[PDB]
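**Q** I would like to see how this sequence folds:
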Amino acid sequence: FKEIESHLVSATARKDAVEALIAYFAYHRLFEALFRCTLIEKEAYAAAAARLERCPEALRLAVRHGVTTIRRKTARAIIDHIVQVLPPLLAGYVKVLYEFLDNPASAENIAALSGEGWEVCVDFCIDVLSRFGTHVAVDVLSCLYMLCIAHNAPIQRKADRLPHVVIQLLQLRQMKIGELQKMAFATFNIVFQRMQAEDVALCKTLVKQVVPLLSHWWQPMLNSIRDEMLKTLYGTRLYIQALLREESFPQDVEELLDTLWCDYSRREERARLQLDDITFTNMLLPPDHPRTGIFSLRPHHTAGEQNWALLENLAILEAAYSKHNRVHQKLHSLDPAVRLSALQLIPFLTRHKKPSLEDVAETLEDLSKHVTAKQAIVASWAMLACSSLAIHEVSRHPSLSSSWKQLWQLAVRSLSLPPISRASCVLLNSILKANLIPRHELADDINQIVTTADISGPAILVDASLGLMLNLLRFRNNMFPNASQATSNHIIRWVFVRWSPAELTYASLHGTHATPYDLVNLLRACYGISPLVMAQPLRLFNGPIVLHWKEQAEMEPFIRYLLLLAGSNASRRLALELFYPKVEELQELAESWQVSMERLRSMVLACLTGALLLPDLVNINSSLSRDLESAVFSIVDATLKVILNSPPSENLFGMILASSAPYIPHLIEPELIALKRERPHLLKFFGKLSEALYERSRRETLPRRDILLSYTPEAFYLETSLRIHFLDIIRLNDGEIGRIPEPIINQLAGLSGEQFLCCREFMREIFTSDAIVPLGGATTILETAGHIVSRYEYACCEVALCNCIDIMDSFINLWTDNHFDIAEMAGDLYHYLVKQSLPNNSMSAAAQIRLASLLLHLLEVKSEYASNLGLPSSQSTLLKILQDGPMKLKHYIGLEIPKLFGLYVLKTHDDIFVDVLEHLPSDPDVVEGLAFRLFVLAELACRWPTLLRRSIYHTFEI
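**A** Residues are numbered from 1 along each chain as shown. Take a look at the structure below.
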């Protein structure tokens with residue numbers, strides 16, 4: 001290689017050196033060799049062509065092998081060589097670029113001190129495209145995209161020609177479909193997400209251009225292309241509603257509406273938003289979840305998000321087009337698939353249409369026409385649409401009251417067919433909650449349902465069946481207080497007649513619908529004890545579409561502004577008798593196993609339901625107690641042993657964690673005390689699960705670098721594993737509550753650089769909670785969390801910075817109390833983040849937000865720490881950040897700045913207000929700046945009355 005290095009910088013030397021390199025496949029020197037060798041051959045211009053094609057092939061194969069131990073010096077060197085040698089060698093050089101950018105930390109660390117080199121690369125690719133091989137063109141758009149996904153990529157500078165380039169390319173209505181269009185739409189999404197609240201004019205023009213081009217490349221791979229176009233529609237959802245309120249665009253948008261309808265209506269039954277992609281359960285799902293009026297997207301469904309995305313976006317664009325009745329016409333359509341699609345689009349749309357009395361009445365008449373459609377699909381969806389409309393204030397008008405009776409009627413009989421036993425139940429429940437029919441017309445039918453329970457019972461025992469049965473139990477303990485054991489005993493009989501877990505039709509068809517939460521809540525009601533607690537939002541993971549929507553979710557108010565738009569013992573023994581056979585049959589089915597997803601999931605839901613109500617069914621103590629516990633836990637053990645010895649491709653542990661999570665508590669001391677007092681059998685379950693986890697680990701990089709990495713499947717599984725470990729240790733120690741168990745910390749500080757970032761939400765959750773941590777605990781945790789941030793592969797990534805800021809925030813009051821051993825570490829890290837990380841153009845938007853929160857919290861504890869360490873004051877850093885920062889950070893701070901005036905005596909508020917206003921945006925050519933200024937002044941005013949005078953004065957001033 002040394003003599004070969006001299007050989008490169010005589011064809012037997014060059015071609016031979018490249019052959020020896022290919023055989024091969026500090027570095028800086030060989031890289032110089034290759035560069036100047038290609039240059040010597042370039043000036044020394046078919047053999048010439050072959051040697052030119054073959055030298056940077058060796059180059060690119062070297063940049064796929066030292067691209068790990070490369071640094072910014074070698075980065076700039078390679079980049080300037082690529083842009084200097086070329087004024088033939090397109091594909092080789094572009095390949096070197098592609099393989100240099102494939103490593104994300106590379107294209108992020110080039111977004112350092114200036115953006116000179118980043119702009120060099122982006123302009124390289126823009127010029128290359130605007131010249132436009134064809135596959136090389138795809139690689140050009142790919143490396144352009146790979147540059148644009150860097151949340152500290154300075155885009156605003158080279159943001160004039162870039163979108164026009166990308167969406168000028170796409171206007172070509174040929175080159176049937178491939179990576180080209182997927183990458184076109186990916187760069188569009190990212191650049192638009194940047195420039196969504198800066199350069200409003202550019203954006204309105206762009207959307208006026210890409211609402212047409214979207215109604216063409218939606219020709220009815222294609223999975224990912226429909227996904228990118230649905231993300232695009234999620235973005236543009238506001239410019240469309242603004243433009244329609246401001247005349248080609250109406251024609252174009254209507255044509256696009258009809259392309260969406262024509263595409264969705266020929267999707268007959270497999271992938272058409274099946275009725276198993278929604279749940280009617282009354283759990284505490286998080287607020288940012290996707291939901292519509294009655295149902296909501298089934299948790300942990302990364303496979304049914306595209307259909308919900310399409311229907312959600314279509315409902316929004318339709319209620320935003322009929323604003324400036326396509327749906328009722330399509331409802332009276334002829335082709336049955338069109339009527340089915342118009343039956344699906346009723347709840348999504350009524351979530352935001354605010355219909356009038358005539359429209360509600362008419363649509364309801366037609367739906368009562370469609371309810372009896374002899375068809376599981378159509379009758380079901382029709383009843384769901386009806387029960388979506390039945391939850392207004394418009395529906396409670398007498399002009400259609402008998403109509404409700406009709407629908408009630410058309411459901412009271414439609415309860416015994418397992419095809420439509422779910423939707424029908426929903427309907428009943430809806431009418432029994434909104435009170436559209438008085439409490440004497442509907443008493444005989446309820447008596448029939450609850451006393452008979454074999455005809456006009458909810459034939460299937462799913463989420464909505466249990467909801468309705470609970471509402472009926474309460475109705476009948478409210479009207480006929482005498483004969484309440486009748487209700488409770490009929491209820492228990494129905495529950496244990498319908499709940500057959502160890503059967504193929506149940507376990508495979510509607511096993512996913514029914515959850516242990518609903519079962520045990522109904523049973524605890526009919527005994528008479530109490531609900532399950534479930535006092536916090538469920539934890540779940542999502543897929544790309546919903547995550548991307550969760551990115552553009554905090555900033556939608558600023559875009560709606562910038563755009564200007566003893567008997568109990570009888571019943572318990574009854575239930576125990578009726579229940580034990582279920583466990584016996586389950587244990588026989590389990591002994592046979594020493595297998596699919598559905599049978600195994602049903603068995604684990606059954607063992608959860610068993611472990612939940614053991615503390616119920618032991619006060620019986622009629623010798624069917626010991627046997628019951630031993631049998632339940634024998635099922636649990638057999639299940640775990642099927643789970644372990646299995647391929648990690650089914651991912652059964654995904655199933656068990658996803659099912660068992662909603663019962664894991666919050667990790668504070670009082671809740672972990674009430675888990676040792678009320679539900680201990682759940683704790684024994686969690687112990688067995690922890691053992692299986694430990695052992696499966698004994699047997700054997702980053703999916704996304706956003707702030708949302710902790711909502712992807714990988715992160716959810718890691719956080720759940722560690723909460724399970726935590727609960728197990730707490731059970732065993734029995735008094736080591738709260739005090740973070742040193743084994744848990746040693747499992748925290750014994751992970752990889754890819755996982756410490758994944759479990760950061762778990763670290764936040766434990767540490768923020770009041771919990772004695774060992775000295776070495778906080779010290780070691782902070783040592784490792786800091787070490788992640790100084791590796792040149794994480795020095796720029798968003799997630800590492802956010803995580804180290806959060807961990808410093810967790811122990812805010814150790815270093816700012818005394819001088820410990822940790823105070824030096826936090827000093828070093830504060831200094832590196834403030835003085836060094838921030839002006840280097842390395843902190844991203846979410847990193848700057850997390851640092852703003854760190855500072856705003858620091859002022860409430862020390863308020864001068866940054867001086868006693870030798871830096872400018874914290875407030876100085878905060879406002880310096882406010883002046884220069886991507887509008888997302890400006891919005892966050894302006895929203896949480898009116899809390900900065902809570903740490904100061906009332907005498908000095910106009911002084912602080914002068915100081916702040918010194919650091920706002922103000923320039924007449926920039927209208928976004930003035931918009932932000934008026935925004936923050938309105939916020940201060942609407943919170944602090946002291947600053948109302950100056951807020952109004954400066955609002956009228958500009």
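**Q** which SS class is residue 706?
**A** When classified by DSSP: H, G, I helix; E, B strand; the rest coil, residue 706 comes out as coil.
**Q** scratch that, residue 296
**A** For residue 296, the secondary-structure state derived from three-state DSSP is strand.
**Q** Residue 652: what's its closest spatial neighbour, skipping adjacent residues?
**A** Spatial nearest neighbour of residue 652, chain neighbours left out: residue 643 (4.9 Å); criterion: Cβ to Cβ, 6 or more residues apart in numbering. (C-beta placed from N, C-alpha, C; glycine too.)
**Q** Would you mark the buried spots in the strand or helix carrying that neighbour?
**A** Residue 643 belongs to helix 626-644 when elements are defined using DSSP states H and E. Under the neighbour-count criterion of 16 or more other Cβ atoms under 10 Å, helix 626-644 has 628-629, 631-636, 638-640, 642-643 buried.
**Q** Can I get it as CSV, trimmed to CA atoms?
**A** Written as CSV, here are the backbone C-alpha positions of helix 626-644 (Å, rounded to 0.1, in the frame of the first residue of the first chain):
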residue,chain,number,x,y,z
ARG,A,626,-55.7,-23.0,47.0
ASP,A,627,-56.4,-25.1,43.8
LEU,A,628,-57.4,-21.9,41.9
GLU,A,629,-54.1,-20.1,42.7
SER,A,630,-52.0,-23.1,41.9
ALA,A,631,-53.8,-23.7,38.7
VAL,A,632,-53.6,-20.1,37.5
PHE,A,633,-49.8,-19.9,38.1
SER,A,634,-49.3,-23.3,36.5
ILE,A,635,-50.9,-21.9,33.4
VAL,A,636,-48.6,-18.9,33.7
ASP,A,637,-45.5,-21.0,33.9
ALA,A,638,-46.5,-23.2,31.0
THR,A,639,-47.2,-20.1,29.0
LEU,A,640,-43.8,-18.6,29.8
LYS,A,641,-42.1,-21.8,28.8
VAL,A,642,-43.8,-21.8,25.5
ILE,A,643,-42.8,-18.1,25.1
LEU,A,644,-39.1,-18.5,25.8
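**Q** just checking, what packs against it?
**A** Here helix 626-644 touches helix 567-591, helix 597-612, helix 652-660, helix 680-699, going by 3 or more Cβ pairs under 8 Å, 6 or more residues apart in numbering; DSSP states H and E.
**Q** what's the offset of that helix from the middle of its chain?
**A** Chain-centre distance of helix 626-644: 34 Å, with Cα atoms, centre = their mean, to the nearest Å.
**Q** which residues touch residue 210?
**A** Residue 210 sits next to 167, 170, 188, 232, 236 when contact means Cβ atoms under 8 Å, 6 or more residues apart in numbering.
**Q** Going by neighbour count, which of those comes out on top?
**A** residue 188 (26 neighbours; other Cβ atoms under 10 Å).
**Q** wait, what's in contact with it?
**A** With Cβ under 8 Å, 6+ apart, residue 188 has these contacts: 163, 166, 167, 170, 210, 232.
**Q** Remind me which helix or strand it belongs to.
**A** When elements are assigned from DSSP H and E, residue 188 belongs to helix 179-194.
**Q** Next secondary structure element downstream of that helix?
**A** Going down the chain from helix 179-194, the next helix or strand is helix 200-210, by DSSP H and E.
**Q** picking that back up, to residue 74, which of the helices and strands packed on helix 626-644 lies closest?
**A** Taking Cβ to Cβ, helix 680-699 is the member of the helices and strands packed on helix 626-644 nearest to residue 74, at 38.1 Å.
**Q** angle of the closest one against helix 597-612?
**A** Helix 680-699 and helix 597-612 are oriented at 140 degrees to each other (axes from the mean of the first three to the mean of the last three Cα atoms, to 10 degrees).
**Q** who's in contact with helix 680-699?
**A** 607-608, 611-612, 614-615, 629, 632-633, 636-637, 640, 643-644, 653, 656, 660, 663-664, 675-676, 721, 724-725, 727-728, 731-732.
**Q** Would you mark the buried spots in stretch 916-928?
**A** Applying 16+ other Cβ under 10 Å to stretch 916-928 flags 916, 917, 920, 921, 928 as buried.
**Q** who are the neighbours in contact with the third one?
**A** Shown in contact with residue 920 (Cβ under 8 Å, 6+ apart): 882, 883, 929, 932, 933, 936.
**Q** Equivalent analysis for the first one, please.
**A** By Cβ under 8 Å, 6+ apart, the contact list for residue 916 reads 879, 882, 897, 900.
**Q** Adding distance to residue 803, write the residues you listed out as a markdown table.
**A** Listed next are the contacts of residue 916 as a markdown table, based on distance: Cβ to Cβ, whole Å:
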| residue | distance to residue 803 |
| --- | --- |
| 879 | 25 |
| 882 | 23 |
| 897 | 25 |
| 900 | 25 |
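**Q** Most neighbours among those, which one?
**A** The residue in those with the most neighbours, by other Cβ under 10 Å, is residue 882 (22 neighbours).
**Q** ok, now which ones touch that one?
**A** Counting by Cβ under 8 Å, 6+ apart, residue 882 touches 889, 890, 893, 894, 897, 916, 919, 920.
**Q** Neighbours of residue 584, how many?
**A** For residue 584, the neighbour count with other Cβ under 10 Å is 15.
**Q** Chain neighbours aside, what residue packs nearest to it?
**A** Spatial nearest neighbour of residue 584, chain neighbours left out: residue 631 (6.7 Å); criterion: Cβ to Cβ, 6+ apart.
**Q** And the one you found, how close does it get to residue 862?
**A** Distance of residue 631 to residue 862, computed by Cβ to Cβ, to the nearest Å: 59 Å.
**Q** cool, residue 260 as well?
**A** Distance from residue 260 to residue 862, counting by Cβ to Cβ: 55 Å.
**Q** Please identify which of the two sits among more neighbours.
**A** Set residue 260 next to residue 862 and count neighbours by other Cβ under 10 Å: residue 260 wins out with 22 against 17.
**Q** Need the phi and psi values for that one.
**A** Dihedral pair for residue 260: phi -60, psi -40, per degrees, to the nearest 10.
**Q** right, and it touches residue 310 too?
**A** Yes: counting by Cβ atoms under 8 Å, residue 260 does reach residue 310; the two are 7.0 Å apart.
**Q** one step back: please identify which of the helices and strands packed on helix 626-644 is closest to residue 624.
**A** helix 567-591 (5.8 Å).
**Q** can you list the residues that contact that closest one?
**A** Residues from elsewhere that reach helix 567-591 (Cβ under 8 Å, 6+ apart): 485, 488-489, 492-493, 495-496, 499-502, 523, 526-529, 603, 606-607, 610, 616-617, 619-620, 622, 624, 627-628, 631-632, 634-635, 638-639, 642.
**Q** Are we agreed that residue 513 is in a helix?
**A** No: under three-state DSSP, residue 513 sits outside any helix and is assigned coil.
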